[PDB]
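In what follows, a single structure is set out as structure tokens and then discussed.
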Amino acid sequence: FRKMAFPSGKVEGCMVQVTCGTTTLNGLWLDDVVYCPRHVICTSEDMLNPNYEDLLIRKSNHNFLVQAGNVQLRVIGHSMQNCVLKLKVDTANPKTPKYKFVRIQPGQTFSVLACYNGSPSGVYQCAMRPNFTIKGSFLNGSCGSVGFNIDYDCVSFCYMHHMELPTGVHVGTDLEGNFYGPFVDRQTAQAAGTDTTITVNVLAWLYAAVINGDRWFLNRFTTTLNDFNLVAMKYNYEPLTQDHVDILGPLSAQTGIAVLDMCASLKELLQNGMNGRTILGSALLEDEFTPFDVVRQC
Amino acid sequence: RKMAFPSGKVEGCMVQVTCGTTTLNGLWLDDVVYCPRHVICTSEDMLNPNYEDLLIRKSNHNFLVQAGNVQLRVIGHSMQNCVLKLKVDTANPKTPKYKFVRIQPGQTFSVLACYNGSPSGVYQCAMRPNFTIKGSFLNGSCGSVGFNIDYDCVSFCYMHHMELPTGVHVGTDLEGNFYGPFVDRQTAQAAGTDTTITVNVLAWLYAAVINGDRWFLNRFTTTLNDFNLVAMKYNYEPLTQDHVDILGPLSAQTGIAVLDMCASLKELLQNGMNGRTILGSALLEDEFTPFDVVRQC
Ligand SMILES: CNC(=O)[C@H]1C[C@H](n2c(-c3cncc4ccccc34)nc3cccc(C(=O)N[C@@H](C)c4ccc5ccccc5c4)c32)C1
Ligand SMILES: CNC(=O)[C@H]1C[C@H](n2c(-c3cncc4ccccc34)nc3cccc(C(=O)N[C@@H](C)c4ccc5ccccc5c4)c32)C1
């Protein structure tokens, strides 16, 4: 068991560099459109109360320098969609994969291709936190890097990176430019809400531990769904819904362990800790593997 | 984060190789496909295989190689060590700049896990001091490769051959030399006792201070010999002078001397973490090299 990302090649051939004035960041080149954060047009002095419509009307196509590897792309038009800028270019990307845009829910996971100056540096896995932030690894220059899944040769783009908050977590938009969570591309006092643990993912990971041969944390108890939730919330765990229970069904069938019986085991693990032991290499309960991820990998 | 190299340059080299009823993955570079030589073996062959004799009984047509939906005609075969080299009639147009390198225990690399010639996922792994890797691999993953990248050049370092009883994984370099005292034969084999990669734990503590985790720093310093005494005691690898120099940059970037950090690790080893965490971990992480920290940070 490992945090497995998707193979990044299909996304690597879409990464470009976008420069506007003194600002350079990453863009996503699909067909004849380059997508990037609309704050590329801002000078940081603009960031307290930016009027993006007023800022954008003053720009010409040639104010945007887009470079794909060694070749310059010619911008022939531009438009704003929510908080994403769409730069129409003269050339369509011949490496455009089969793709779609998907807005994900808190708890969903995806791979991130971290990029600087249009060139990929690394790939890793992470999750939409319940507070709509992601715990990424991003440095100055990484704005415009994207997150994606690739189930069955279709790239589903779900995240574009915009900002790092004071607590060091990361926020961005879907590829239609709508922010995840209550955040805005503006220098305001916005702070992440208190984060909670993604309960349905912890349960999926415990099922993965059972598949790989550990049973030490099981017990003879069960629980009602409401009693579990009353307990779980006292540990800042997210409520478990009947939807989550249904989604865990396949893992329950494979292991012979009823979902509410695994909930009874999680209750005891939160009460007892791990007693010097580890589960799948970890001394903490892991919440960034979804039920789908466990089935994919195991 | 545990960060892998972008895998695009390698994805274009993965193919499917079938021999008899056995299917696994191959690496297609120019006009040669590389794969584990045990592809030629049946279950009964593995009890005592004579690979030279088993290979002389195969012909080119016994090897079915498929690059996606396109069949590649094998025109020759040979063994190097434990790697089979299938010469094919078409050079891979997607061959990257590459080298075959052999890595040392403690070094890390990315694994592109592959089934039926099709890349499934990518993750970061380290070569343990006992020469195993703690990967995740299912039936069909043999022939998946490990690699590093430096400025356009892919350094291939690992090809997957086997899984041991404890669930860890063993393989060869791309010249077919096994990592560790392992053989591609059906016989009793087991992972040896493993140790913690000290220089990597120190690199990860430096990454922690770069990210604002400082609670484990203290006023104390130590010497190489004092520290290696406690390292021995806790099943850590000895720290050498080369390790201290390899941590040189991080020591300046952070302005914290290596022997100053060692005094922190000493205290973490002796008294534990006291309910606290470092970079989101309740354990001391040893699968990040000093280079890995520099590259990511
Ligand atoms: C408070 N900023 C933010 O967290 C945003 C802006 C930061 N950044 C990053 C970046 C992306 N990941 C993590 C980072 C960590 C440290 C420093 C920078 C980053 N890579 C960048 C590449 C180009 C430009 C910027 C940048 O700095 N742009 C300027 C005009 C700016 C200033 C204030 C902003 C406030 C709110 C929203 C957008 C704002 C934008 C970039 C991210
Ligand atoms: C002692 N096996 C091993 O650790 C590996 C060899 C196995 N495997 C894998 C594979 C690779 N990762 C993890 C696995 C976990 C469970 C099952 C299979 C795997 N994917 C395979 C794809 C094709 C063939 C085999 C296979 O099984 N081949 C047969 C001829 C075989 C039999 C005995 C062997 C003994 C020693 C070495 C190689 C041996 C090889 C494959 C198991």
TODO: Any chance you could tell me what percent of the C-alpha pair distances in the protein assembly as shown go past 40 Å?
DONE: 33
Open item on the list: Placing one identical point scatterer on every Cα of segment A:12-173 and ignoring solvent, what is log10 I(q)/I(0) from the Debye formula at q = 0.12, 0.19 Å⁻¹?
Closed with: -0.50, -1.27
Open item on the list: Run the simple label-point estimate for A:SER60 and A:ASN226 please: 7 Å along Cα→C-beta, distance reported in nm.
Closed with: 6.9
Task: Using alpha-carbon coordinates, inclination of helix A:199-211 to the longest axis of chain A, degrees - done: 60
Task: Overall Cα dimensions of chain B - principal axes, largest extent first, Å - done: 69, 40, 32
- [ ] Using Cα centres only, tell me the gap between segment B:35-106 and segment A:232-287 in whole Å.
- [x] 44
- [ ] Run the numbers on segment A:12-173 and let me know its relative contact order in percent, using alpha-carbon pairs under 8 Å that are six or more apart.
- [x] 23
Open item on the list: Please compute, for peptide A:117-123, the average count of beta-carbon atoms on other protein chains lying within 10 Å of each residue's beta-carbon.
Closed with: 5
- [ ] Determine which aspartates and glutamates satisfy two conditions relative to A:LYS3: a Cα distance under 12 Å, and not lying fewer than 8 residues away in the same chain.
- [x] A:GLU286, A:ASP287, A:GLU288, A:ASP293
- [ ] With everything on Cα atoms, drop me the angle between helix B:224-233 and the longest principal axis of chain B, reported from 0 to 90° to the nearest 10.
- [x] 60
TODO: Within 10 Å of each residue's Cβ, count the other Cβ atoms and sort B:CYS19, B:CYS13 from fewest upward.
DONE: B:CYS19, B:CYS13
- [ ] Ignore the peptide's own chain and count Cβ atoms of other chains within 10 Å of each Cβ in B:216-226; give me the average, rounded.
- [x] 0
Task: Rg/Rg_globular for segment B:105-205, with Rg_globular taken as 2.2 N^0.38 Å and Rg from C-alpha atoms - done: 1.08
- [ ] Can you tell me the relative contact order of chain A? Whole percent, Cα pairs under 8 Å, sequence separation 6 or more.
- [x] 17
TODO: Under a 10 Å cutoff between Cα atoms, tell me which one of A:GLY69, A:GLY256, A:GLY172 has the largest fluctuation in the Gaussian network model of chain A.
DONE: A:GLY256
Task: Choice from A:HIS39, A:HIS62, A:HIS161 with maximal GNM fluctuation in chain A (Cα, 10 Å cutoff) - done: A:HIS62
Open item on the list: For a quick check, take a GNM of chain A with Cα springs below 10 Å and name the residue from A:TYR180, A:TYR99, A:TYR159 with the largest mean-square fluctuation.
Closed with: A:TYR99
Open item on the list: Just to check I understand the Karplus step: with θ = phi - 60° and J = 6.51 cos²θ - 1.76 cosθ + 1.60, what whole-Hz values come out for segment B:6-13, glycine and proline as x?
Closed with: x, 9, x, 4, 8, 3, x, 10
Open item on the list: To make sure I understand, if each residue's beta carbon is the centre and we count other beta carbons within 10 Å, what order do B:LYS266, B:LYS58 fall in, fewest to most?
Closed with: B:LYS58, B:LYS266
TODO: Would you grab the residues whose amide H sits under 5 Å from the one on A:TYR116? Only those 5+ places off in sequence or on another chain, please, with H modelled 1.01 Å from N.
DONE: A:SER121
Open item on the list: Past 23 Å, Cα to Cα: identify those pairs from B:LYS9/B:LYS99; A:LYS135/B:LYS99; A:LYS86/A:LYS135; A:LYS95/B:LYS9; B:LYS2/B:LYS233, in the order given.
Closed with: A:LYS135/B:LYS99; A:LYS86/A:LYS135; B:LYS2/B:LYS233
TODO: Normalising by the residue count of segment B:157-297, find the relative contact order in percent from Cα pairs under 8 Å and 6+ residues apart.
DONE: 28
Open item on the list: Which log10 I(q)/I(0) values does segment A:199-297 give at q = 0.19, 0.25 Å⁻¹ under the Debye formula, counting every alpha carbon as one identical point scatterer?
Closed with: -0.88, -1.68
Open item on the list: Restricting to DSSP H runs of at least four residues, report the calculated mean residue ellipticity at 222 nm for chain A, -39500 (n - 2.57) per run over all residues, nearest 500 deg cm²/dmol.
Closed with: -6000 deg cm²/dmol
Task: Within segment B:201-237, backbone nitrogen closer than 17 Å to the virtual label 7 Å beyond the Cα of B:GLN270 toward Cβ - done: B:216-236
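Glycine also receives a Cβ, built like all others from the backbone with ideal geometry; neighbour counts cover every protein chain displayed. Bear in mind that the values in this text are calculations on the coordinates, not laboratory data.
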